[PDB]
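The next block holds one structure in the form of structure tokens; read it before the comments.
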Amino acid sequence: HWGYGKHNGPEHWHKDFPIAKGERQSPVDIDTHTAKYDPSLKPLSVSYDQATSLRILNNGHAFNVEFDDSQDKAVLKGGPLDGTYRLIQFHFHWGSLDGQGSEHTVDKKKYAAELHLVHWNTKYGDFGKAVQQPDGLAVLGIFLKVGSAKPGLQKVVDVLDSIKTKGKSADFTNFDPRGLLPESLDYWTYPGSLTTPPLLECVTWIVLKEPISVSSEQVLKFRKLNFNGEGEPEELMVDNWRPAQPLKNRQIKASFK
Ligand SMILES: [Zn+2]
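Residue numbering for the sequence shown is 4 to 125, 127 to 261, as defined by PDB author numbering.
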């Protein structure tokens, strides 16, 4: 099955998922000088006051913090979006060392990690229908750099030892994703895809300009996770990022100058 090794990593995915070589694949390099400032872009509306986290899952490629998406309780709107998108889960991508890990890059710079808050368009009723539509998902992408600790991340870090291996989950209630946001909501946006199989071309990407700072100790705990299941040969969950894909016939727009 697909993964992030020599034998099954991103450069192999096209064999099972031919859309990997499609016209709107993610992630991409954000060339900051080429991105067009678009004064028509609205401020992002992130409304997470009523978010209900339920559970955290090691799915063998990342860990997902899952939310109750049975009502409009944690929603993204505004920005480049028309309508309302409900938060279903967040997860991260990260590296074996601090010099790589992000999926998007900024003028070819790689960050230590990247957070993806995944939301689906309520006009399609459920996530599985949304991913079949070109405007089905909105993913908020946030870069992580290593420096000061992110206090709001620590609850996530300190549950990872309970979900070390693929298929483990743990109760994860009352977690407030507002604690993972940077101060500014300035953003880049472009049309793209999920960055994991099935690589569906259903995403409006919203990538924040300002990274959050996490500590080296926080990121080191991410790197103690395992891709493998319980008892299997240990293969650390590191370098679970897809590299930048061709931009093709797309424009990246900036909300800011
Ligand atoms: Zn992701």
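Just so it is clear, CB atoms sit at the ideal spot from N, CA and C, and this is done for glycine as well.
query	result
Could you name the residues of the same chain whose beta carbon sits closer than 8 Å to that of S166, not counting the 5 residues immediately before and after it, in chain order?	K172, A174
Would you check whether ligand 1 has a heavy atom nearer than 6 Å to the C-beta of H10?	no
In the DSSP assignment, find the alpha helix (DSSP H) that holds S173 and state where it starts and stops.	It is not in any alpha helix (DSSP H) - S173 instead sits in the beta strand (DSSP E) that spans 173-175.
Reducing DSSP to helix, strand and coil, say where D32 ends up.	strand
Am I right that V150 and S220 are in contact with their C-beta atoms under 8 Å? What's the rounded C-beta distance?	5 Å
Go ahead and pull the three-state DSSP assignment for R89.	strand
Verify whether the separation of the beta carbon atoms of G104 and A116 is less than 7 Å.	yes
Quick test of your reading: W192 and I256, contact by CB under 8 Å. State the CB separation rounded to the nearest angstrom.	5 Å
If you measure from the CB of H119, is any heavy atom of ligand 1 nearer than 6 Å?	yes
For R182, count the other beta carbons within 10 Å of its own beta carbon; 16 or more makes it buried, fewer makes it exposed. Which is it?	exposed
If you draw a straight line from the C-alpha of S48 to the C-alpha of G81, how long is it?	5 Å
Mind checking whether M241 and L229 have CB atoms under 7 Å apart?	yes
Exposed or buried, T208, counting other C-beta atoms within 10 Å across all chains shown (16 or more means buried)?	buried
Ligand 1 and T108: does the residue's C-beta get closer than 6 Å to at least one heavy atom of that ligand?	no
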